[PDB]
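Okay, so here's the structure we're looking at.
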There are 4 protein chains.
Amino acid sequence: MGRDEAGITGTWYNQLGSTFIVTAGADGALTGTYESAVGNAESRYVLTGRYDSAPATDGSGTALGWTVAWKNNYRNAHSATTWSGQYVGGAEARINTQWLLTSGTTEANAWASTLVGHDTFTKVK
Amino acid sequence: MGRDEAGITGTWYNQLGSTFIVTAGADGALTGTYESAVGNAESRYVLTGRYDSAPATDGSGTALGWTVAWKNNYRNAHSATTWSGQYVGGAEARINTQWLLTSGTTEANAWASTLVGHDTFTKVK
Amino acid sequence: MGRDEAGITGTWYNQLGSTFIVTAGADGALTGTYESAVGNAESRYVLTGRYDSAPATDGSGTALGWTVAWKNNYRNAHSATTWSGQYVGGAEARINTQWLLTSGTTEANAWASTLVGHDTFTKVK
Amino acid sequence: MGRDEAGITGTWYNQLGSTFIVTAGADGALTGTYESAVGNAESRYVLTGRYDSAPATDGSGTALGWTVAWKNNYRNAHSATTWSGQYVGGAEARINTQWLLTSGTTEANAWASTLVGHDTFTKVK
């Protein structure tokens with residue numbers, strides 16, 4: 001029943017070679033796994049998030065976000081990334097994001113706790 | 001079994017007067033509701049996220065994040081915010097975040113799709 | 001005498017079709033003009049910034065930034081963008097940035113004052 | 001002749017204990033020095049930037065930004081910070097910023113090149 005439930009659900013790849021597998025729920029849920037090609041990461045990590053299940057019908061994209069905390073059975077990078085973005089449908093469907101990666105730090109080092117970047121996900125490559 | 005499962009779970013308030021109610025799961029889950037005191041928002045919205053359930057024991061904070069998509073039974077703001085941050089425990093416990101708020105836009109307006117800010121959550125006020 | 005003084009100075013174009021003309025000084029200065037292909041902007045606007053005039057020699061990029069306040073003789077958009085990034089030299093030289101665009105706002109609307117994005121500049125197109 | 005030329009020019013202090021000394025020009029220029037209380041920094045560093053010299057008269061703040069590249073005669077941190085923000089005048093005048101700190105990196109590590117934060121400057125402390 002979600003407008004882009006079908007368009008969003010599946011396997012996505014970003015420009016770093018990371019893989020995001022996601023299921024979109026009718027109501028707005030996102031659940032899945034993430035495997036990063038870079039950084040202090042091995043194998044899959046749990047992800048959860050939310051998307052707008054009833055987007056505007058004027059050619060606008062579909063807002064969404066999700067989170068990964070970088071702990072699984074293999075490693076713990078004491079950090080979490082959140083991606084905020086929009087899904088755009090069609091023959092070259094994309095999810096265009098910006099992300100914030102916060103590490104656990106001492107209060108002294110907190111100023112330097114957060115990295116910022118941008119990932120573009122596609123259904124190919 | 002999560003290290004800050006107890007410290008995180010509950011009701012938090014930010015500097016805008018918004019209210020975040022969250023349950024932390026032993027494994028890393030965050031689930032809850034968010035009510036914003038500002039913007040195109042009314043009542044509670046679903047939130048989901050992840051936290052590091054086994055943080056460093058050296059006085060570092062606990063990395064976490066979560067997402068709200070701004071649709072509920074009342075309104076649809078065609079947008080989603082993700083908060084990335086760290087929980088710091090103790091008598092003045094805090095969750096210090098930065099956030100990204102993406103709106104669904106046309107490809108023409110996509111450059112201007114994302115707001116960035118910072119929220120500090122406390123257990124009082 | 002600046003290491004990338006020569007590589008940086010000139011005309012650059014981003015993915016939106018904007019044009020950045022810059023002179024790099026030996027000491028670290030950047031001065032120039034910016035013309036945005038989008039938004040509340042017409043013609044050229046003054047820019048100033050700074051770059052690292054003695055970068056690492058290990059294949060690392062060259063950190064830099066600059067600012068435009070969106071006032072000139074034609075328009076005043078009551079806003080300023082800052083680009084932070086790195087210059088990478090070679091046959092496909094690039095300046096890879098992230099940017100923050102702050103508008104003047106009332107204290108009530110300050111939460112929503114700042115847009116964030118990413119621009120990639122090239123010497124062609 | 002700049003509206004907040006007088007309000008902006010002077011010495012400012014942020015929550016980390018850093019010191020920003022700035023002169024505002026009638027036309028929009030900002031020039032000065034910055035001394036960071038944290039990070040890979042010693043003594044003063046050159047800063048340059050721009051502000052809106054004719055802000056809205058409706059109680060809105062005054063948009064501005066500036067850049068520091070972290071090289072001076074003492075150290076070179078192969079990095080640059082840009083602050084984007086707004087000046088708010090009155091008895092408790094403030095400059096409320098967000099900042100992007102980019103390091104020069106290899107193309108492999110570029111994903112992790114940029115830190116993001118927020119500084120609040122005041123005329124006291």
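A note on labels: chains of the structure tokens are A, B, ... as shown, every chain counts residues from 1, and ligands are counted from 1 in their shown order.
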Sorted by chain and rising residue number, list the residues of chain A at most 9 Å from chain C (counting only C-alpha atoms), each with its closest atom pair and distance in Å to one decimal, as a Markdown table.
```
| residue | atom | partner | partner_atom | distance |
| --- | --- | --- | --- | --- |
| A:98 | CA | C:117 | CA | 7.9 |
| A:116 | CA | C:98 | CA | 8.6 |
| A:117 | CA | C:98 | CA | 7.9 |
| A:118 | CA | C:118 | CA | 7.5 |
```
Skipping near chain neighbours, those fewer than 4 positions away, what residues fall within 12 Å of residue 25 in chain A using only C-alpha atoms, listed as an mmCIF file with N, CA, C and O atoms, in the first residue's frame?
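Listing of selection_10.cif after writing:
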```cif
data_model
loop_
_atom_site.group_PDB
_atom_site.id
_atom_site.type_symbol
_atom_site.label_atom_id
_atom_site.label_comp_id
_atom_site.auth_asym_id
_atom_site.auth_seq_id
_atom_site.Cartn_x
_atom_site.Cartn_y
_atom_site.Cartn_z
ATOM 1 N N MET A 1 0.844 -1.207 0.000
ATOM 2 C CA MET A 1 0.000 0.000 0.000
ATOM 3 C C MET A 1 0.897 1.283 0.000
ATOM 4 O O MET A 1 0.480 2.301 -0.551
ATOM 5 N N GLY A 2 2.130 1.232 0.535
ATOM 6 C CA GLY A 2 3.106 2.356 0.408
ATOM 7 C C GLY A 2 3.425 2.728 -1.054
ATOM 8 O O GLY A 2 3.693 1.828 -1.884
ATOM 9 N N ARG A 3 3.451 4.023 -1.397
ATOM 10 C CA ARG A 3 3.559 4.425 -2.846
ATOM 11 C C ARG A 3 4.822 3.916 -3.566
ATOM 12 O O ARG A 3 4.765 3.490 -4.717
ATOM 13 N N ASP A 4 5.952 3.967 -2.859
ATOM 14 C CA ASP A 4 7.237 3.510 -3.371
ATOM 15 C C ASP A 4 7.709 2.327 -2.592
ATOM 16 O O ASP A 4 8.875 1.990 -2.664
ATOM 17 N N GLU A 5 6.765 1.625 -1.939
ATOM 18 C CA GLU A 5 7.112 0.411 -1.176
ATOM 19 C C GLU A 5 7.926 -0.537 -2.123
ATOM 20 O O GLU A 5 9.056 -1.014 -1.825
ATOM 21 N N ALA A 6 7.363 -0.712 -3.320
ATOM 22 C CA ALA A 6 7.940 -1.625 -4.318
ATOM 23 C C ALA A 6 9.281 -1.089 -4.866
ATOM 24 O O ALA A 6 10.315 -1.868 -4.964
ATOM 25 N N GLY A 7 9.303 0.224 -5.160
ATOM 26 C CA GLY A 7 10.509 0.899 -5.773
ATOM 27 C C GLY A 7 11.680 0.868 -4.789
ATOM 28 O O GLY A 7 12.868 0.662 -5.197
ATOM 29 N N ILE A 8 11.376 1.030 -3.482
ATOM 30 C CA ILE A 8 12.434 1.073 -2.504
ATOM 31 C C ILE A 8 13.009 -0.285 -2.083
ATOM 32 O O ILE A 8 14.209 -0.447 -1.925
ATOM 33 N N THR A 9 12.140 -1.251 -1.887
ATOM 34 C CA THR A 9 12.515 -2.547 -1.388
ATOM 35 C C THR A 9 13.447 -3.189 -2.423
ATOM 36 O O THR A 9 13.168 -3.173 -3.621
ATOM 37 N N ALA A 29 7.795 1.815 7.403
ATOM 38 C CA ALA A 29 9.032 1.169 8.026
ATOM 39 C C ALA A 29 10.102 0.887 6.969
ATOM 40 O O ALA A 29 9.789 0.552 5.827
ATOM 41 N N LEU A 30 11.360 0.956 7.377
ATOM 42 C CA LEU A 30 12.490 0.398 6.619
ATOM 43 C C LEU A 30 13.298 -0.506 7.539
ATOM 44 O O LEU A 30 13.627 -0.150 8.653
ATOM 45 N N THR A 31 13.586 -1.674 7.057
ATOM 46 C CA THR A 31 14.422 -2.688 7.835
ATOM 47 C C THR A 31 15.325 -3.390 6.854
ATOM 48 O O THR A 31 14.961 -3.589 5.682
ATOM 49 N N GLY A 32 16.541 -3.783 7.321
ATOM 50 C CA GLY A 32 17.441 -4.319 6.385
ATOM 51 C C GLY A 32 18.762 -4.611 6.963
ATOM 52 O O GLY A 32 18.932 -4.649 8.191
ATOM 53 N N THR A 48 17.721 0.163 10.399
ATOM 54 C CA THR A 48 16.340 0.483 10.493
ATOM 55 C C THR A 48 16.076 1.916 10.047
ATOM 56 O O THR A 48 16.925 2.777 10.306
ATOM 57 N N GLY A 49 14.854 2.237 9.597
ATOM 58 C CA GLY A 49 14.599 3.645 9.229
ATOM 59 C C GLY A 49 13.152 3.858 8.932
ATOM 60 O O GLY A 49 12.302 3.021 9.228
ATOM 61 N N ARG A 50 12.860 4.938 8.249
ATOM 62 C CA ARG A 50 11.454 5.367 7.962
ATOM 63 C C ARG A 50 11.471 6.096 6.574
ATOM 64 O O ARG A 50 12.448 6.798 6.160
ATOM 65 N N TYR A 51 10.353 5.988 5.861
ATOM 66 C CA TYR A 51 10.187 6.694 4.596
ATOM 67 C C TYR A 51 8.752 7.214 4.597
ATOM 68 O O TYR A 51 7.904 6.725 5.308
ATOM 69 N N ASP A 52 8.525 8.224 3.785
ATOM 70 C CA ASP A 52 7.227 8.812 3.542
ATOM 71 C C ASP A 52 6.439 7.884 2.573
ATOM 72 O O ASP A 52 6.761 7.759 1.369
ATOM 73 N N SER A 53 5.440 7.185 3.126
ATOM 74 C CA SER A 53 4.663 6.203 2.354
ATOM 75 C C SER A 53 3.568 6.859 1.495
ATOM 76 O O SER A 53 2.816 6.134 0.796
#
```
Item checked: DSSP helix (DSSP H, G or I) residues within range 8-120 of chain C, as a ChimeraX atom specification -> /C:8,107-112
Note to self: Need to verify the contact set: range 76-81 of chain B, 7 Å, only C-alpha atoms, exclusion of same-chain residues closer than 2 positions in sequence. Can you return it as a list in words?
What the structure shows: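 Residues meeting the cut-off are residues 52, 55, 63, 64, 65 and 84 of chain A; 40, 67, 68, 69, 70, 71, 72, 83, 99, 100, 101, 102, 103 and 104 of chain B.
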Please write the residues from the selection above to a file, keeping C-alpha atoms, as a PDB file, in the first residue's frame.
```
ATOM      1  CA  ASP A  52       7.227   8.812   3.542  1.00  0.00           C
ATOM      2  CA  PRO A  55       4.771  11.245  -1.219  1.00  0.00           C
ATOM      3  CA  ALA A  63      11.972  11.429   1.745  1.00  0.00           C
ATOM      4  CA  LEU A  64      13.561   8.742   3.866  1.00  0.00           C
ATOM      5  CA  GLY A  65      16.253   7.918   6.337  1.00  0.00           C
ATOM      6  CA  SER A  84      18.853  11.243   5.189  1.00  0.00           C
TER       7      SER A  84
ATOM      8  CA  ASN B  40       5.068  21.214   9.982  1.00  0.00           C
ATOM      9  CA  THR B  67      14.861   8.575  12.042  1.00  0.00           C
ATOM     10  CA  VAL B  68      11.486  10.188  11.854  1.00  0.00           C
ATOM     11  CA  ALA B  69       9.520  10.447   8.679  1.00  0.00           C
ATOM     12  CA  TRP B  70       7.031  13.321   9.115  1.00  0.00           C
ATOM     13  CA  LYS B  71       3.914  11.517   8.217  1.00  0.00           C
ATOM     14  CA  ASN B  72       1.261  10.418  10.736  1.00  0.00           C
ATOM     15  CA  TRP B  83      19.584  12.458  14.283  1.00  0.00           C
ATOM     16  CA  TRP B  99      20.519  16.162  12.369  1.00  0.00           C
ATOM     17  CA  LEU B 100      19.741  16.140   8.668  1.00  0.00           C
ATOM     18  CA  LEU B 101      16.195  17.014   7.529  1.00  0.00           C
ATOM     19  CA  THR B 102      15.564  16.026   3.787  1.00  0.00           C
ATOM     20  CA  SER B 103      12.414  17.057   1.995  1.00  0.00           C
ATOM     21  CA  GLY B 104      11.070  15.388  -1.097  1.00  0.00           C
TER      22      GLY B 104
END
```
Checklist line | Pairwise distance for CA of residue 47 in chain C and CA of residue 66 in chain C, rounded to one decimal in Å | finding: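 Between CA of residue 47 in chain C and CA of residue 66 in chain C the gap works out to 6.7 Å.
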Notebook entry, point to check: Any idea what's packed within 10 Å of residue 124 in chain C, counting only C-alpha atoms, ignoring anything in its chain fewer than 3 positions away? Could you give it as a ChimeraX atom specification?
Noted result: /C:11-14,92-94,121
Would you save the residues from that selection as a compact mmCIF listing (two decimals), in the first residue's frame, using N, CA, C and O atoms?
```
# COMPACT_ATOMS: atom_id res chain seq x y z
N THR C 11 39.18 29.09 -13.58
CA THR C 11 37.75 29.00 -13.69
C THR C 11 37.35 27.54 -13.49
O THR C 11 37.94 26.63 -14.08
N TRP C 12 36.37 27.37 -12.59
CA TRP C 12 35.78 26.11 -12.24
C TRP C 12 34.28 26.12 -12.39
O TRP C 12 33.66 27.17 -12.24
N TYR C 13 33.71 24.91 -12.66
CA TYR C 13 32.28 24.73 -12.99
C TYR C 13 31.78 23.56 -12.14
O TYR C 13 32.50 22.54 -12.00
N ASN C 14 30.62 23.72 -11.52
CA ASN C 14 30.06 22.58 -10.79
C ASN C 14 28.92 21.90 -11.51
O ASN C 14 28.56 22.27 -12.63
N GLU C 92 42.23 15.13 -14.64
CA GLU C 92 40.85 15.34 -14.26
C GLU C 92 40.88 16.00 -12.85
O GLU C 92 40.40 15.42 -11.84
N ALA C 93 41.48 17.18 -12.78
CA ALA C 93 41.50 17.93 -11.53
C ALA C 93 40.09 18.28 -11.08
O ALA C 93 39.20 18.58 -11.92
N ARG C 94 39.89 18.23 -9.74
CA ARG C 94 38.60 18.42 -9.12
C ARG C 94 38.78 19.18 -7.86
O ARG C 94 39.81 19.09 -7.15
N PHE C 121 33.42 20.54 -8.40
CA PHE C 121 34.00 21.46 -9.43
C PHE C 121 35.05 20.83 -10.29
O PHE C 121 35.99 20.14 -9.82
```
Item checked: Backbone DSSP call of strand (DSSP E or B) for chain A, listed as an MDAnalysis selection string -> chainID A and resid 10:13 19:24 29:35 45:51 62:71 76:88 94:103 114:122
